[PDB]
Amino acid sequence: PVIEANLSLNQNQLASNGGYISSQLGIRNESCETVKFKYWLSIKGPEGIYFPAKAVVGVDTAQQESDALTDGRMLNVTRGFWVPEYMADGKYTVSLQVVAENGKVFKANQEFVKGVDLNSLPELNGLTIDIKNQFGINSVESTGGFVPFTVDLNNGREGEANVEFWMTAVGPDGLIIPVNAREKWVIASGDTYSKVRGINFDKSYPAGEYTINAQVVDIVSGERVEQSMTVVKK
Amino acid sequence: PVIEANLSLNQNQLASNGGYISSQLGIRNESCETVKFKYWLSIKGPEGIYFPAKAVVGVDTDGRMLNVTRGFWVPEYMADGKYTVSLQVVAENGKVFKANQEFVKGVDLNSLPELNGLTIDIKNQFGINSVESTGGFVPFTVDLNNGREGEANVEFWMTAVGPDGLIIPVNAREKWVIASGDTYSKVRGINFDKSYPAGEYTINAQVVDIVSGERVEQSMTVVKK
Ligand SMILES: [Ca+2]
Ligand SMILES: [K+]
């Protein structure tokens, strides 16, 4: 409630040769007192890519500086970034992030895609990957909870697909919790491999953000595609 | 404390075609009372690779020690580069214990990461692994040495991937055209403000050769208490 952040991108679909995205950042203080904070814009992408929105002509020497907003006041700022051709095709998340002086974190995220269609299933050349938080459960209590995920791999290819599949939960304190062991499946042409797999968040697991991360590999082509979903343990 | 975790790899260097790594897992309870915990074995690798090697198992152990060996295959298709194997234990009381070991695939252990003759030497300058909750500053040395016959056209940046989905800029994107035999050399630090959340930050550095399109990352951990 101290801060409300908002983000819009000028476009959300880029070709494989990349392009330029401009963004509008809004940070509003809806509180009764002045709020001091730091903020930045960062991008997460495929193949473990993380990069800041900011690019400099020479040596980056800046510090992460605070700003402050009087009660009822807002900041409206504009930022752009190039997405080079060399960066992996796939799904990217742009994240406006604000850390208030009191430690509260506020985020506003938007996605864009590069060389794949927007709102189209991640795929490995006709083998389509549909992994979903089954009941839309975005968080669990500190005392523990369980979250099931549906996994549907549709083989739209003319021939059979040989895939390897696994899942982990990448969490606070460097944790990488197994969710689904490595499995190898042979999927006939026109078949869909379906299963449901859940993770139990034991009471003892640390509070914070967990990325449920599914990886699918075509064992013949060696190509790999990921799907990530977030669950917060309160 | 309640748990000591130990990890040993039988081998730390695979060729590009990969192979088999056998792990020795040691977990000892050397506190006064008996201890309940869950443990597992997972691997982190280049290009956002994370994969399990051993499922979550709950154990109710003391001066007792648990000893298990567990193996895993690293297939050819996985990226060449540096991997970390992590034996992870969470005690009932919420304390987390990790024992990590690295292996490489398709690159030499004890050689610098490189992009075809351009070497990338990025280090936590003073080996500072953690900072106080009230804040601290950690400097990193960056040395990109062009040992090639011609120019290297490179792009460089850094972030701190931290708790609460944070991705804190550490070094904005820089572009350098480095002459044969020249170096790009700097020290870049990150100030962890008091306000930043407690937990693990991965200082993630990337270097790209713009011409080949090849990218190397270097990841380094700092914990804010
Ligand atoms: Ca464009
Ligand atoms: K934590």
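Residues numbered from 1 in each chain as written, not as in the entry; some residues may be left out. Chains lettered and ligands numbered in written order. Heavy atoms only, no water. Residues with missing side-chain atoms left out of burial classes, pairs and counts.

Chain B is annotated in the PDB entry as RBMA of Vibrio cholerae mj-1236. Here the entry title, as the record gives it, is "V. cholera biofilm scaffolding protein RbmA".

Named according to the PDB entry, chain A is RBMA originating from Vibrio cholerae mj-1236.

Novice: Could you give an account of the domain arrangement of chain A, with specific residues and numbers?
Specialist: Residues and elements named next belong to chain A. Splitting chain A by domain gives domain 1 (1-121) and domain 2 (122-234). Facing the four residues of domain 1 at the interface are seven residues of domain 2. Across the domain 1 to domain 2 interface the summed buried area is about 420 Å²; carbon plus sulfur atoms make up 51%. Between domain 1 and domain 2 we count two residue pairs in polar contact in total. The residue inventory of the side of domain 1 that touches domain 2, partitioned by class, reads one nonpolar, one polar and two charged. (Domains from an automatic or database assignment. Contact = heavy atoms within 4.5 Å. Buried area = accessible area lost by both parts, 1.4 Å probe. Polar contact = N/O pair within 3.5 Å; in protein donor to acceptor, adjacent residues only side chain to side chain. Nonpolar A, V, L, I, M, F, W, Y, C, P; charged D, E, K, R; others polar.)

Novice: An account of the sheet that holds strand β6 (residues 65-74) of chain B is requested, with residue identities and associated values reported.
Specialist: The pairing of strands in a sheet happens through backbone hydrogen bonds and is either parallel or antiparallel. Residue and element names in this part refer to chain B. Taken together, the three strands give an open sheet; going across it, the order is β1-β3-β6, and neighbouring strands pair in antiparallel fashion. With partners counted over all chains shown, the strands left at the sheet margins are β1 (4-9) and β6, one partner each. Between one strand axis and the next, the sheet turns by 20° as a mean value, whatever way the strands run. Where strand β3 (residues 19-28) lies against β6, 10 bridges are found, and the strand directions are antiparallel. Counted as the bridge partner of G19 is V74 from β6. (Pairing = 2+ DSSP bridges. Helix = DSSP H or I, 4+ residues; strand = E, 2+ residues; numbered from the N terminus. Axes fitted to C-alpha atoms, helices over the stretch in contact; angles between N-to-C directions.)

Novice: Mind laying out the environment of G147 of chain B, listing which residues take part and the relevant values?
Specialist: Residues and elements named next belong to chain B. Inspection of the secondary structure puts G147 in the loop between β12 (136-146) and β13 (152-161). For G147, a relative accessible area of 58% translates into the label exposed. For the pair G147 and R64, spaced 83 residues apart in sequence, the C-alpha to C-alpha distance is 53 Å. (Buried < 20%, exposed > 50% of the residue type's maximum accessible area, 1.4 Å probe, protein only.)

Novice: Lay out the coordination of the potassium ion (ligand 2) with the relevant residues and their values.
Specialist: The protein atoms that coordinate the potassium ion (ligand 2) are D173 of chain A (OD) and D173 of chain A (OD), at distances of 2.7 to 2.9 Å. Relative to the helices and strands, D173 of chain A is located in the loop between β14 (161-170) and β15 (176-187). (Donors = N, O, S within 2.8 Å, 3.2 Å for Na, K, Ca; no water.)

Novice: Break down the side chain of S23 of chain A for me, citing the residues and quoting the values.
Specialist: Tracing the backbone through its elements, the reader meets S23 of chain A in strand β3 (residues 19-28). Filtering out sequence-adjacent residues up to four positions away, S23 of chain A remains in contact with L7, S8, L9, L41, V77, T78 and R79 of chain A.

Novice: Explain the pattern of salt bridges to me, and be specific about the residues and the numbers.
Specialist: One pass over the full model with this rule turns up 17 salt bridges over all chains. A salt bridge links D218 of chain A to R157 of chain A, with the shortest nitrogen-to-oxygen separation between them at 2.8 Å. Of this pair, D218 of chain A sits in strand β17 (residues 208-218) while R157 of chain A sits in the loop between β13 (145-155) and β14; the two residues are 61 residues apart in sequence, bridging distant segments of the chain. Pair check on accessibility: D218 of chain A and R157 of chain A agree, each one buried. The salt bridge partner of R173 of chain B is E155 of chain B, with a shortest N-O separation of 2.9 Å. Placement of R173 of chain B in strand β14 (residues 167-178) and of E155 of chain B in strand β13 is noted, with a sequence separation of 18 residues between them. When sorted by exposure, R173 of chain B lands in the same class as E155 of chain B, which is buried. (Salt bridge = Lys/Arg side-chain N within 4 Å of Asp/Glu carboxyl O.)

Novice: Explain the interface of chain B and chain A to me, using residue names and the numbers behind them.
Specialist: Each partner contributes to the interface: chain B provides 58 residues, whereas chain A provides 56 residues. When chain B packs against chain A, close to 4700 Å² is buried across both sides, 60% of that on carbon and sulfur atoms. Of all residues in chain B, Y50, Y77 and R173 of chain B bury the most surface against chain A, accounting for 17% of the area lost on that side. Taken together, the connections running from chain B to chain A amount to two salt bridges. Across the pair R188 of chain B and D60 of chain A runs a salt bridge, and its minimum N-O distance is 3.2 Å. In this assembly, chain B and chain A are joined by 26 residue pairs in polar contact. Here the side of chain B that touches chain A gets nine residues from one element, more than from any other, and that element is β14 of chain B.

Novice: Any chance you could break down the packing of aromatic side chains for me, citing the residues and the numbers?
Specialist: All chains considered together, the criterion is met by 20 aromatic pairs over all chains. Ring geometry for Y205 of chain A versus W40 of chain B: centroids 5.6 Å apart, planes at 75°, classification edge-to-face. Of this pair, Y205 of chain A sits in the loop between β16 (192-201) and β17 while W40 of chain B sits in strand β4 (residues 36-44), each in a different chain. For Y205 of chain A, a relative accessible area of 3% gives the class buried. On the numbers, 6.2 Å between centres and 55° between planes, the contact of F37 of chain B with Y39 of chain B is tilted. Owing to a relative accessible area of 5%, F37 of chain B belongs among the buried residues under this scheme. Classification of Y39 of chain B as buried rests on a relative accessible area of 4%. Looking at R182 of chain A, its charged tip hangs above the ring of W166 of chain A, at a distance of 5.8 Å from the centre. Taking the ring centre of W157 of chain B as reference, the NZ or CZ of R173 of chain B above it sits at 5.7 Å. (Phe/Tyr/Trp six-rings, centres within 6.5 Å; stacked < 30°, edge-to-face > 60°. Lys NZ or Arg CZ within 6 Å of the ring centre and 35° of its normal.)

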